[PDB]
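> What follows is a structure written as structure tokens; I'll ask about it next.
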Amino acid sequence: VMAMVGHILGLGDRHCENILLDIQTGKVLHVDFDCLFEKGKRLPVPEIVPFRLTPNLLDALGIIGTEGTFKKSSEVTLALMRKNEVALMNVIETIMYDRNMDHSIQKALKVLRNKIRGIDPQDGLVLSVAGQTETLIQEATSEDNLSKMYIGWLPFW
Amino acid sequence: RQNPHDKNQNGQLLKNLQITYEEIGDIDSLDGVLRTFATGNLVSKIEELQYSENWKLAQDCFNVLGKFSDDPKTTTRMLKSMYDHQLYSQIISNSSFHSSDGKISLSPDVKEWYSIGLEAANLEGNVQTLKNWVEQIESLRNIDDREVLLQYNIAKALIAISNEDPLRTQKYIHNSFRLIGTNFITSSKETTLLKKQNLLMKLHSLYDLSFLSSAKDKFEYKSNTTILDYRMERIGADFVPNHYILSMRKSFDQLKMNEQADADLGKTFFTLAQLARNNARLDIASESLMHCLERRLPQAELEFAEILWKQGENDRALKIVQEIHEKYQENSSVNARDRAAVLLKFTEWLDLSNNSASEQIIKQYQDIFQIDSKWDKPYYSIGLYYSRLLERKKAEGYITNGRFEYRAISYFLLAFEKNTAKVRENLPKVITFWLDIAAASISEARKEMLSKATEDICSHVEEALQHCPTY
Amino acid sequence: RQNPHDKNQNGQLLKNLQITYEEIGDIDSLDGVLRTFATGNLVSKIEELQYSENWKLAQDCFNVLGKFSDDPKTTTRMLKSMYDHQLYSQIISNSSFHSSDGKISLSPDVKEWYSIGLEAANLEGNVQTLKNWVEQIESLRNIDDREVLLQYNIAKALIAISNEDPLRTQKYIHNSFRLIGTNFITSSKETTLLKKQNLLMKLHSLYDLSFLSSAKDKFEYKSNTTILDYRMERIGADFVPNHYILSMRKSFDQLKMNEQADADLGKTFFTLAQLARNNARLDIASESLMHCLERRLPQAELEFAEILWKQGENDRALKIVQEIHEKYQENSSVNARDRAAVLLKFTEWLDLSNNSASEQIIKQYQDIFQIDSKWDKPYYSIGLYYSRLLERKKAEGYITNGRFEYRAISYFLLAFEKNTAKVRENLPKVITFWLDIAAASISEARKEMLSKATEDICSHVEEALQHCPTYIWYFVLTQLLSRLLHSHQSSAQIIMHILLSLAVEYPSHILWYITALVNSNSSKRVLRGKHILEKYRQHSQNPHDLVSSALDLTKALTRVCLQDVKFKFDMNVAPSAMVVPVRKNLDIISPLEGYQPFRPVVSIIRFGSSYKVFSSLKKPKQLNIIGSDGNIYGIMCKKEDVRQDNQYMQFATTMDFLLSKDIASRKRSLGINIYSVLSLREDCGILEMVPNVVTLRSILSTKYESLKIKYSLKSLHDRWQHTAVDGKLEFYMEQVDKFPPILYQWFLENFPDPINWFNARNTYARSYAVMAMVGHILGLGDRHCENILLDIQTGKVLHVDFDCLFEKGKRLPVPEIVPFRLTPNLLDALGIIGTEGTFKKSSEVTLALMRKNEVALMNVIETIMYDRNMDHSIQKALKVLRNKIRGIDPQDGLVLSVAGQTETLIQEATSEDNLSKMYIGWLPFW
Ligand SMILES: Nc1ncnc2c1ncn2[C@@H]1O[C@H](COP(=O)(O)OP(=O)(O)NP(=O)(O)O)[C@@H](O)[C@H]1O
Ligand SMILES: Nc1ncnc2c1ncn2[C@@H]1O[C@H](COP(=O)(O)OP(=O)(O)NP(=O)(O)O)[C@@H](O)[C@H]1O
């Protein structure tokens, strides 16, 4: 849930000190959030990211790799987030406010809102649940993207 | 981990792994297993859409599979998969037991056909089919399955109260209590009670059947149904036990042909249509909602119109709420709640149809203003309407300072005072372009489109703030 | 018309009007009637989704309605509505007749329960249920209904051949012949045979049952099934008779438990699953397709996978075709057809899943290259794959010259040679970025990414051209006419080479083209016309010199540009070999071989000497011409650079063949009225003149003055133009309330016979609706009232002008923001239901067709863009147009795109404020 909501926010730069894991019950969270809206791509050491996923998570998730309750959580998460995203749009209006950022603009926030709605990379036919789930999964499992980023984000960790 | 990956010994430790995930109850762990290299037969590979949101193609595939009624496996999974997404009228009308005689005497190893059918016959019941079919299934010499005897005794309690004998009804209800207490119950440490739901669901329904089987008069009856509404409060919103308990209630008060039983019947038809709309499988919403449509419930008409509006059918949704509301200006039929609600839903269908814009809904919108002032989710829904309208007006150019957003802020801060549902999502809906017109005040001195409007809407925020809750 | 509108006497003349529309058979006229103020009961209002594409909710509503089995009306409509979308297994398994005994003895007034059930029991049959149930229904004392005796006797023939007695089978088949010949048959003059289909469908099935009931052995049997495949050729693609006939075949060869009957069974299960996939109701495709899945048909597995891929289920579609193909590398199972097809479908599912891109499909793609070379719709499908890929690569930046598009062109011109399916849509797929890399060659000298690649791919085009069929090149010939500029010179040499091919072979169809070729005033066309004339007369076939006669016709038609007055000149060129510029020169037949890809030659014989010029301030000298058969066809001159009208004509003349390919449009006999137009010189071109040229402006001026509607004739523009936006709607309402709804008073005078009137009203609504929304899809605008064209033969409508496109009313002065052209005075003449009818259904089917293959339509409208006509309509503006064609709303999602977009166009045209907010030169009520 936190993993795809981060890339929905356009988070990036998920260095491996940012996974947080309790040994009580294994609940995961990203905590950092100190960089957003394309701070790996148009920033040096170009870090075009699907989102953070470690291939060594996949055996530990089970025999079925990542193809499971991961995927169902992704389905229900997207089905919830595309029910009331205009309230989420009202929340992320507060984000924009770029004392942090250079030229992330209001129209860039509308482009973000288009991404939140389901506007594909210049494409239609938006299934937005199984299709977008398969989009995130089979873009994170793309090993060329796993190789084409900096090994400060060493992906197998 | 430690094996040859492509190997012969994998398949048995796939199939017992998926039957222990049937034990584990995580249906999506089952789904990942059936989709991760469990690809033997095509009739083994079509059990995944079964739980991947497309059960209809799976179900009519299984009912054309098992239609020859000889194979054990395909026919058992036919009835079970047909059960598992609530085609219960089709279960009971299925002539795998109905024939020129009754069902199969000396119930074979596929007695789970019966054990999955009697429960559907319970939760959608009549007199004659329950009667002749459980009196067919009594003709067994032995009854070795626990579940067939369970559902048998709850059915014989139902025919006992068809014959109107509540002490014998409680006799069989307590027999069913004995069956579950002696034969069904597993322990703690092993079960997140999802797996217990098949037991506690049926027992909740059974006790709810029981004490108002042991009812006397209508005062007791309405009291029993009021605390059944408390049961429907404490159930949460889990669809299958929701459906099961109130459909069992429905079966009982259509068994009982009493007239307040018929009023309770109609309203419970209405409410299971409501939860079926809420969980978006609105064929069962239609097939339930009919029995209160034909008994003259115009709110049930309106929410038949909303399932039609939901699915694909903007047109007659508009048209039937058009004829119903613009016919309903007779005696009160409460104007502030019922007529306000149906005209509200009419107005936002004109929103999401987007053909007969503002002024046509402005007139009936001020009609809503007249007929209701105590109920504000009208005001939140027209607030999101004006959200859409201000976005459309700004979508062509940066032209601001319309009276529509001013009135939007005005009723919206009025709506803040009343129910507090969308407030904690939509305080930006006032303050964002409130501070944008403050930025227009610092921006441009044409642009004396702000000043007096700014003072008036700030006075609106003031009268919101002296009356508002703090939190 | 003449009544109180809100009145008590309306309702009976609503309900008998809808039962006579049950007689009329126009189901969508029925739909418009049930949706236009027929709103009595809710159980009366839920018979509209019945035919509005959502029959499932209607059907289970009716089966919970009629489930108590006592009411006549609800239960009869339960079984009938349950029948009318083919839930026939549920009809036969329905226990309204099945019980602890059989059905109801002494079959009551609701015997139509039986009469709708026996036919379903026929077309899905067994032994025992047919047997015991028709032997229940024999126990009637009398059998008064005709249809129950019909279906009874065909069922008793079926049980007779279950008992295997073919002479008694033919006895009952001939009895059924006697029943229809004596009791069913109505006449001519009254029926477009849609209404006869319920008879001729059953009799076709009955005879097909009959003569192979009268079969002897397997040789006779396979012969009978082969000519049944001929019957399945001549049936067309109408779903309900398709389904009925081959399901009856299915019922018979599952009756017959013979083993070749079982092979025929399995393949007919497969084929009705195929047509059920084709008509997109794939629950019946599953419930049929099962019986050949369990009998080990892997092609049936693959197309089970394709119904799952179609609906919502990308995942196991990928997975089961994965396991099936990557298991199937055993004994042959033919590699070039079956394995090639399943791996092809695998590859384009990896396309439309878009997760495991090129290299993974590149390997099995070259496997496809290895295992098949004789079957090229692989190559067309990977051509559209690379269309998607080049668009994706260009979508980030203008980086060109990849090997992928080079190979795409290479196999694609190889694919041209073989089957010719997508060629006539997708010749732009080679030539567009072929001429774009020619433009890169003239653009930039880094950019030596073109040169050797340009030579190699031009050699590919050369080896395409020496082997190619000649006739396929003409389908882009105007853009081939739109090729003039240098800096390649070998594309110029090869386009003159294809001019030589298309001139030597088929010289007749290119006469006007090779003469309009060199006709300009900035004539750089001298080289490209005179040199191709030299080379064609160098080629050996020049018996006759009609070239100079065609130049004389051209110089006459440009001499008559100014012969003003406010004709009997030179002739005798006719008769010649000059084939007529009517579309009965250039229409292309569907491929049904040997065959000929054109019409027969319609030359010229006579020349009209009388002038019939109008007074339209430029005065086109339009002629009346006698053809080769002898018939008169009006042939017009035209001025002011008529090239874009030929462009829109070419878009329309691919659109109409797409309408023919649609088995839902021309199922309802859709299509457009159309003419011919060519450009000859600048400000000089040719036109066809339609039979009954008339317009709403002229003939409604005559009709309003036949009612003597006297009005402010040419001062309404003054008293509206001086009027501001406040009184614009006021004066508009003043006008349109002075002017009455009339046009039915003109239609009834056009057509005495209401046969002609009502079929012309259907033709009117459809032929107006299709052209009407396709115009605003093109962004047409400025539809002045001289542009409606209406034949008095059959009421077919067409817009003809097309001289202005892409926002020429809004960003042009007198701002004319338009929904599209619709006259409110059309709405009464369309019927009682206003515009809410077969108009709307034509709109639905038109949009459903146009958003199936719009990328080919995008290839066509690429030729449009080319703004010598327009100022800044740009390539990105063409992409915005393509977004509009896809369904991109005004900055909105949730695109239903058929009922929603139909309602969008309808309820934007009916917006009276838009009707007032435009210039009364476009006076809307006319
Ligand atoms: N809010 C938090 N809750 C829990 N753990 C946290 C939190 N913030 C940081 N941590 C943990 O603290 C660890 C030590 O790093 P920390 O000092 O917090 O930031 P950091 O190492 O300085 N990142 P950087 O600034 O790039 O060097 C991280 O690996 C996190 O796991
Ligand atoms: N290709 C055509 N086929 C049939 N009828 C046509 C065709 N072109 C024009 N007409 C008809 O000819 C009538 C007379 O007008 P026409 O001279 O053709 O153009 P026009 O009146 O000059 N338009 P404009 O240039 O704005 O004045 C029109 O009302 C059309 O109905």
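Please note that chains go A, B, ... in the order of the structure tokens, that every chain numbers its residues from 1, and that ligands are numbered from 1 in the order shown.
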Please identify all residues of chain A having at least one atom at most 10 Å from any atom of chain C, considering only C-alpha atoms, and return them as a PyMOL selection string.
chain A and resi 114+117-119+121-127+130-131+134-139+141-142
> Can I get the selected residues back with N, CA, C and O atoms, as a CSV table (one decimal), in the first residue's frame?

```
chain,number,residue,atom,x,y,z
A,114,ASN,N,-4.1,13.7,-13.1
A,114,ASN,CA,-4.4,12.9,-14.3
A,114,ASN,C,-3.8,11.5,-14.0
A,114,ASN,O,-4.5,10.4,-14.3
A,117,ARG,N,-6.0,9.8,-11.5
A,117,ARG,CA,-7.2,9.3,-12.2
A,117,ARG,C,-7.0,8.0,-12.9
A,117,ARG,O,-7.8,7.1,-12.8
A,118,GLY,N,-5.9,8.0,-13.7
A,118,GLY,CA,-5.7,6.8,-14.5
A,118,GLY,C,-5.2,7.1,-15.9
A,118,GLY,O,-5.2,6.2,-16.7
A,119,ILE,N,-4.9,8.3,-16.1
A,119,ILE,CA,-4.4,8.7,-17.4
A,119,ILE,C,-3.1,8.0,-17.6
A,119,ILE,O,-2.1,8.3,-16.9
A,121,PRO,N,0.4,6.5,-19.8
A,121,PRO,CA,1.4,7.3,-20.6
A,121,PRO,C,0.9,7.5,-22.0
A,121,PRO,O,1.2,6.7,-23.0
A,122,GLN,N,0.1,8.5,-22.2
A,122,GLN,CA,-0.6,9.0,-23.4
A,122,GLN,C,-1.4,7.9,-24.0
A,122,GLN,O,-1.5,7.8,-25.3
A,123,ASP,N,-2.1,7.1,-23.2
A,123,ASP,CA,-2.9,6.0,-23.7
A,123,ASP,C,-4.3,6.0,-23.0
A,123,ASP,O,-4.4,6.6,-21.9
A,124,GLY,N,-5.2,5.3,-23.6
A,124,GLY,CA,-6.5,5.1,-23.0
A,124,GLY,C,-6.7,3.6,-22.6
A,124,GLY,O,-5.7,2.9,-22.3
A,125,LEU,N,-7.9,3.2,-22.6
A,125,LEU,CA,-8.3,1.8,-22.2
A,125,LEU,C,-7.8,1.5,-20.8
A,125,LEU,O,-6.9,0.6,-20.6
A,126,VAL,N,-8.3,2.2,-19.9
A,126,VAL,CA,-7.8,2.2,-18.5
A,126,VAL,C,-8.7,1.2,-17.7
A,126,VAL,O,-9.8,1.6,-17.3
A,127,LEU,N,-8.1,0.0,-17.4
A,127,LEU,CA,-8.8,-0.9,-16.5
A,127,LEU,C,-8.7,-0.4,-15.1
A,127,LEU,O,-9.6,-0.6,-14.3
A,130,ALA,N,-6.9,-4.3,-12.2
A,130,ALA,CA,-6.0,-5.4,-12.6
A,130,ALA,C,-5.0,-4.9,-13.6
A,130,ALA,O,-3.8,-5.3,-13.5
A,131,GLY,N,-5.4,-4.1,-14.5
A,131,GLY,CA,-4.4,-3.6,-15.5
A,131,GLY,C,-3.4,-2.7,-14.9
A,131,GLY,O,-2.2,-2.8,-15.2
A,134,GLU,N,-1.1,-4.9,-12.6
A,134,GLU,CA,-0.1,-5.5,-13.5
A,134,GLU,C,0.9,-4.5,-14.1
A,134,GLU,O,2.0,-4.9,-14.3
A,135,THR,N,0.5,-3.3,-14.2
A,135,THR,CA,1.4,-2.3,-14.7
A,135,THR,C,2.5,-2.0,-13.7
A,135,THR,O,3.7,-2.1,-14.0
A,136,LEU,N,2.1,-1.8,-12.4
A,136,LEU,CA,3.1,-1.5,-11.4
A,136,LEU,C,4.0,-2.8,-11.1
A,136,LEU,O,5.2,-2.7,-11.0
A,137,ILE,N,3.3,-4.0,-11.1
A,137,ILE,CA,4.1,-5.2,-10.8
A,137,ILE,C,5.1,-5.5,-11.9
A,137,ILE,O,6.3,-5.7,-11.7
A,138,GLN,N,4.6,-5.5,-13.2
A,138,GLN,CA,5.5,-5.8,-14.3
A,138,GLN,C,6.2,-4.6,-14.8
A,138,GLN,O,6.9,-4.7,-15.8
A,139,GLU,N,6.2,-3.5,-14.1
A,139,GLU,CA,7.2,-2.5,-14.3
A,139,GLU,C,8.3,-2.6,-13.2
A,139,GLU,O,9.5,-2.3,-13.5
A,141,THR,N,9.2,-5.5,-11.8
A,141,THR,CA,9.9,-6.7,-12.1
A,141,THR,C,10.8,-6.6,-13.3
A,141,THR,O,11.5,-7.6,-13.7
A,142,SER,N,10.8,-5.5,-14.0
A,142,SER,CA,11.6,-5.3,-15.2
A,142,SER,C,13.1,-5.1,-14.7
A,142,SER,O,13.5,-4.1,-14.2
```
> Determine which residues of chain C sit within 9 Å of chain B, taking into account only C-alpha atoms, and present them as an MDAnalysis selection string.
chainID C and resid 35 39 42:43 45:46 48:49 52 54 56:57 60:61 63:65 93:95 98:102 282:283 286:288 290:291 293:294 301 312:313 315:316 319:320 323 891 896 899:900 903:904 907:908 911
> Taking only C-alpha atoms into account, which residues of chain B are within 9 Å of chain A, as a list in words?
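Written out as asked, the residues are residues 1, 26, 27, 28, 29, 30, 31, 32, 33, 35, 36, 37, 422, 425, 426, 427, 428, 429 and 432 of chain B.
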> Those selected residues, please, written with N, CA and C atoms and delivered as an mmCIF file, in the first residue's frame.

```cif
data_model
loop_
_atom_site.group_PDB
_atom_site.id
_atom_site.type_symbol
_atom_site.label_atom_id
_atom_site.label_comp_id
_atom_site.auth_asym_id
_atom_site.auth_seq_id
_atom_site.Cartn_x
_atom_site.Cartn_y
_atom_site.Cartn_z
ATOM 1 N N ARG B 1 12.429 -24.722 -1.858
ATOM 2 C CA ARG B 1 13.765 -24.149 -1.981
ATOM 3 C C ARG B 1 14.769 -25.214 -2.397
ATOM 4 N N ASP B 26 -7.160 -17.940 3.473
ATOM 5 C CA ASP B 26 -6.711 -16.811 2.669
ATOM 6 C C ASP B 26 -6.987 -17.138 1.212
ATOM 7 N N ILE B 27 -8.144 -16.664 0.743
ATOM 8 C CA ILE B 27 -8.621 -16.918 -0.609
ATOM 9 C C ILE B 27 -7.672 -16.329 -1.636
ATOM 10 N N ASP B 28 -7.012 -15.228 -1.310
ATOM 11 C CA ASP B 28 -6.097 -14.697 -2.302
ATOM 12 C C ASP B 28 -4.737 -15.382 -2.274
ATOM 13 N N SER B 29 -4.345 -15.971 -1.144
ATOM 14 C CA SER B 29 -3.209 -16.885 -1.164
ATOM 15 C C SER B 29 -3.514 -18.096 -2.031
ATOM 16 N N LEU B 30 -4.740 -18.626 -1.911
ATOM 17 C CA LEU B 30 -5.238 -19.644 -2.837
ATOM 18 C C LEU B 30 -5.170 -19.174 -4.285
ATOM 19 N N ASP B 31 -5.505 -17.908 -4.527
ATOM 20 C CA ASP B 31 -5.500 -17.363 -5.879
ATOM 21 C C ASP B 31 -4.092 -17.286 -6.451
ATOM 22 N N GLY B 32 -3.142 -16.800 -5.651
ATOM 23 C CA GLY B 32 -1.758 -16.773 -6.080
ATOM 24 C C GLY B 32 -1.201 -18.154 -6.338
ATOM 25 N N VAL B 33 -1.642 -19.141 -5.559
ATOM 26 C CA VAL B 33 -1.189 -20.509 -5.780
ATOM 27 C C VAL B 33 -1.768 -21.087 -7.067
ATOM 28 N N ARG B 35 -2.615 -19.442 -9.599
ATOM 29 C CA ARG B 35 -2.063 -18.750 -10.751
ATOM 30 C C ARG B 35 -0.558 -18.912 -10.889
ATOM 31 N N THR B 36 0.122 -19.462 -9.893
ATOM 32 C CA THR B 36 1.567 -19.635 -9.968
ATOM 33 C C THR B 36 1.853 -21.120 -10.193
ATOM 34 N N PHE B 37 2.180 -21.456 -11.447
ATOM 35 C CA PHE B 37 2.454 -22.785 -12.007
ATOM 36 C C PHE B 37 1.567 -23.931 -11.520
ATOM 37 N N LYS B 422 -18.090 15.319 5.113
ATOM 38 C CA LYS B 422 -17.105 15.682 4.109
ATOM 39 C C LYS B 422 -16.304 16.907 4.507
ATOM 40 N N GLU B 425 -12.595 16.285 4.884
ATOM 41 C CA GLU B 425 -11.978 16.157 3.580
ATOM 42 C C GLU B 425 -11.951 17.469 2.812
ATOM 43 N N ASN B 426 -12.840 18.414 3.138
ATOM 44 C CA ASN B 426 -13.152 19.485 2.201
ATOM 45 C C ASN B 426 -13.164 20.872 2.830
ATOM 46 N N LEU B 427 -12.552 21.047 3.993
ATOM 47 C CA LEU B 427 -12.130 22.389 4.387
ATOM 48 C C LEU B 427 -11.252 23.113 3.355
ATOM 49 N N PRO B 428 -10.395 22.452 2.555
ATOM 50 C CA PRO B 428 -9.814 23.159 1.401
ATOM 51 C C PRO B 428 -10.820 23.725 0.422
ATOM 52 N N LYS B 429 -12.023 23.148 0.307
ATOM 53 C CA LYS B 429 -13.004 23.664 -0.644
ATOM 54 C C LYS B 429 -13.438 25.090 -0.310
ATOM 55 N N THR B 432 -9.091 27.219 -0.018
ATOM 56 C CA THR B 432 -8.183 27.307 -1.154
ATOM 57 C C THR B 432 -8.483 28.520 -2.012
#
```
> Give the strand (DSSP E) residues of chain A, as DSSP finds them on the backbone, and put them as JSON, numbers by chain.
{"A": [19, 20, 21, 28, 29, 30]}
> Write a file of the just-selected residues containing N, CA and C atoms, as a compact mmCIF listing (two decimals), in the first residue's frame.

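selection39.txt, freshly written:
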```txt
# COMPACT_ATOMS: atom_id res chain seq x y z
N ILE A 19 13.18 1.55 4.46
CA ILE A 19 12.27 0.47 4.84
C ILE A 19 12.25 0.35 6.35
N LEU A 20 11.06 0.36 6.94
CA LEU A 20 10.94 0.16 8.38
C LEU A 20 10.06 -1.05 8.64
N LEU A 21 10.55 -1.94 9.50
CA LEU A 21 9.99 -3.27 9.71
C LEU A 21 9.98 -3.56 11.20
N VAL A 28 5.18 -2.95 7.52
CA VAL A 28 6.17 -2.22 6.75
C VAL A 28 5.74 -0.78 6.65
N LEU A 29 6.70 0.14 6.68
CA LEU A 29 6.40 1.51 6.27
C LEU A 29 7.63 2.21 5.72
N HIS A 30 7.40 3.02 4.69
CA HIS A 30 8.34 4.04 4.29
C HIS A 30 8.16 5.25 5.20
```
> Determine, counting only C-alpha atoms, which protein, DNA and RNA residues have an atom within 12 Å of an atom of residue 207 in chain B; residues of the same chain fewer than 6 positions away are not included. Present the result as a PyMOL selection string.
chain B and resi 154+169-170+172-174+176-177+200-201+213-214+224+228+231+245+248-249
> Among range 350-523 of chain C, which ones does DSSP assign to alpha helix (DSSP H) (computed from the backbone)? Answer as a compact mmCIF listing (two decimals) with C-alpha atoms, in the first residue's frame.

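Saved result, states_7.txt, follows:
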```txt
# COMPACT_ATOMS: atom_id res chain seq x y z
CA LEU C 350 1.91 -9.34 -25.14
CA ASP C 351 1.30 -6.18 -27.17
CA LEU C 352 -2.02 -5.35 -25.57
CA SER C 353 -0.79 -6.39 -22.13
CA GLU C 359 12.84 -8.67 -27.32
CA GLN C 360 10.72 -11.37 -25.70
CA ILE C 361 8.28 -11.15 -28.56
CA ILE C 362 11.17 -10.53 -31.01
CA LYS C 363 12.47 -14.07 -30.43
CA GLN C 364 9.11 -15.82 -30.93
CA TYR C 365 8.42 -13.25 -33.64
CA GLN C 366 11.37 -14.55 -35.60
CA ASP C 367 10.02 -17.99 -34.71
CA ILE C 368 6.83 -16.89 -36.49
CA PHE C 369 9.07 -15.77 -39.38
CA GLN C 370 10.61 -19.25 -39.47
CA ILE C 371 7.47 -21.36 -39.14
CA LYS C 377 -2.01 -11.12 -41.34
CA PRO C 378 0.79 -11.97 -38.89
CA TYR C 379 2.67 -9.24 -40.74
CA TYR C 380 -0.22 -6.78 -40.62
CA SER C 381 -0.69 -7.37 -36.90
CA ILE C 382 2.99 -6.84 -36.19
CA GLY C 383 2.77 -3.81 -38.48
CA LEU C 384 0.21 -2.23 -36.17
CA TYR C 385 2.46 -3.35 -33.30
CA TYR C 386 5.28 -1.31 -34.77
CA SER C 387 2.80 1.50 -35.40
CA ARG C 388 2.29 1.56 -31.63
CA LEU C 389 6.05 1.30 -31.05
CA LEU C 390 7.03 4.11 -33.42
CA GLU C 391 4.32 6.26 -31.86
CA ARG C 392 5.70 5.48 -28.40
CA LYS C 393 9.27 6.29 -29.48
CA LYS C 394 8.17 9.54 -31.12
CA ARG C 403 15.78 -0.43 -37.74
CA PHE C 404 12.39 -1.49 -36.38
CA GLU C 405 10.38 0.75 -38.72
CA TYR C 406 12.66 -0.26 -41.61
CA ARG C 407 11.92 -3.95 -41.07
CA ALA C 408 8.27 -2.95 -40.50
CA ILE C 409 8.09 -1.43 -43.99
CA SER C 410 9.99 -4.45 -45.37
CA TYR C 411 7.69 -7.26 -44.21
CA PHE C 412 4.69 -4.97 -44.64
CA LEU C 413 5.26 -4.50 -48.35
CA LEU C 414 5.92 -8.24 -48.42
CA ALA C 415 2.51 -8.66 -46.78
CA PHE C 416 0.99 -6.47 -49.50
CA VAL C 423 -3.35 -2.64 -47.33
CA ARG C 424 -6.19 -0.42 -48.50
CA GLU C 425 -6.26 1.07 -45.01
CA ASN C 426 -2.53 1.16 -44.36
CA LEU C 427 -0.57 2.21 -47.41
CA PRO C 428 0.05 5.37 -45.29
CA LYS C 429 1.89 3.08 -42.84
CA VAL C 430 4.71 2.86 -45.35
CA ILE C 431 4.47 6.13 -47.22
CA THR C 432 3.94 8.59 -44.33
CA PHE C 433 7.23 8.17 -42.61
CA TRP C 434 8.81 7.13 -45.89
CA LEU C 435 8.21 10.66 -47.06
CA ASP C 436 9.09 11.90 -43.58
CA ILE C 437 12.55 10.39 -43.92
CA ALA C 438 12.65 11.94 -47.40
CA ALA C 439 11.91 15.20 -45.57
CA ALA C 440 14.72 14.33 -43.17
CA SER C 441 16.96 13.91 -46.22
CA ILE C 442 16.07 17.40 -47.39
CA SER C 443 16.15 18.67 -43.78
CA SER C 451 20.98 7.72 -46.48
CA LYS C 452 21.97 4.06 -46.80
CA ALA C 453 18.80 3.14 -44.92
CA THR C 454 16.83 5.25 -47.42
CA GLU C 455 18.44 3.43 -50.35
CA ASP C 456 17.79 -0.01 -48.83
CA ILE C 457 14.15 0.66 -47.94
CA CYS C 458 13.59 2.26 -51.37
CA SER C 459 14.92 -1.00 -52.82
CA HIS C 460 12.33 -2.77 -50.66
CA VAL C 461 9.64 -0.53 -52.19
CA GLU C 462 11.05 -1.37 -55.63
CA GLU C 463 10.82 -5.11 -55.09
CA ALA C 464 7.32 -4.57 -53.76
CA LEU C 465 6.44 -2.66 -56.89
CA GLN C 466 7.70 -5.10 -59.50
CA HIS C 467 5.72 -7.92 -57.88
CA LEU C 477 -3.68 7.94 -55.32
CA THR C 478 -4.62 11.50 -54.37
CA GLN C 479 -1.77 11.58 -51.89
CA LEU C 480 0.19 9.97 -54.69
CA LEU C 481 -1.07 12.95 -56.68
CA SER C 490 13.80 8.02 -56.59
CA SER C 491 10.53 8.18 -54.70
CA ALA C 492 9.57 10.43 -57.62
CA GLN C 493 10.95 7.85 -60.06
CA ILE C 494 9.09 5.04 -58.31
CA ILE C 495 5.84 6.99 -58.11
CA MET C 496 6.15 7.64 -61.84
CA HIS C 497 6.89 3.92 -62.12
CA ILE C 498 3.63 3.11 -60.36
CA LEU C 499 1.98 5.70 -62.62
CA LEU C 500 3.38 3.67 -65.52
CA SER C 501 2.03 0.45 -64.00
CA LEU C 502 -1.40 1.96 -63.29
CA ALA C 503 -1.38 3.56 -66.75
CA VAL C 504 -0.41 0.53 -68.83
CA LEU C 511 -7.57 9.11 -67.79
CA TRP C 512 -8.86 12.05 -65.76
CA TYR C 513 -6.00 11.56 -63.30
CA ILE C 514 -3.22 11.59 -65.89
CA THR C 515 -4.81 14.70 -67.42
CA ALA C 516 -5.48 16.54 -64.14
CA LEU C 517 -1.83 15.63 -63.45
```
> Taking only C-alpha atoms and all ligand atoms into account, report as a list in words which residues have an atom no farther than 6 Å from an atom of ligand 2.
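What falls inside 6 Å of ligand 2 is residues 616, 620, 687, 688, 689, 690, 693, 694, 695, 786, 787, 789 and 800 of chain C.
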> Each residue of chain A lying at most 8 Å from ligand 1 should get a row with its shortest atom-to-atom pair and the distance in Å to one decimal, counting only C-alpha atoms and all ligand atoms; could you produce that, ordered by chain and increasing number, as a Markdown table?

```
| residue | atom | partner | partner_atom_place_in_ligand_line | distance |
| --- | --- | --- | --- | --- |
| A:15 | CA | ligand 1 | 26 (O) | 8.0 |
| A:16 | CA | ligand 1 | 29 (O) | 7.5 |
| A:17 | CA | ligand 1 | 29 (O) | 3.8 |
| A:18 | CA | ligand 1 | 31 (O) | 5.4 |
| A:19 | CA | ligand 1 | 31 (O) | 6.5 |
| A:20 | CA | ligand 1 | 31 (O) | 5.6 |
| A:31 | CA | ligand 1 | 1 (N) | 5.8 |
| A:32 | CA | ligand 1 | 8 (N) | 6.6 |
```
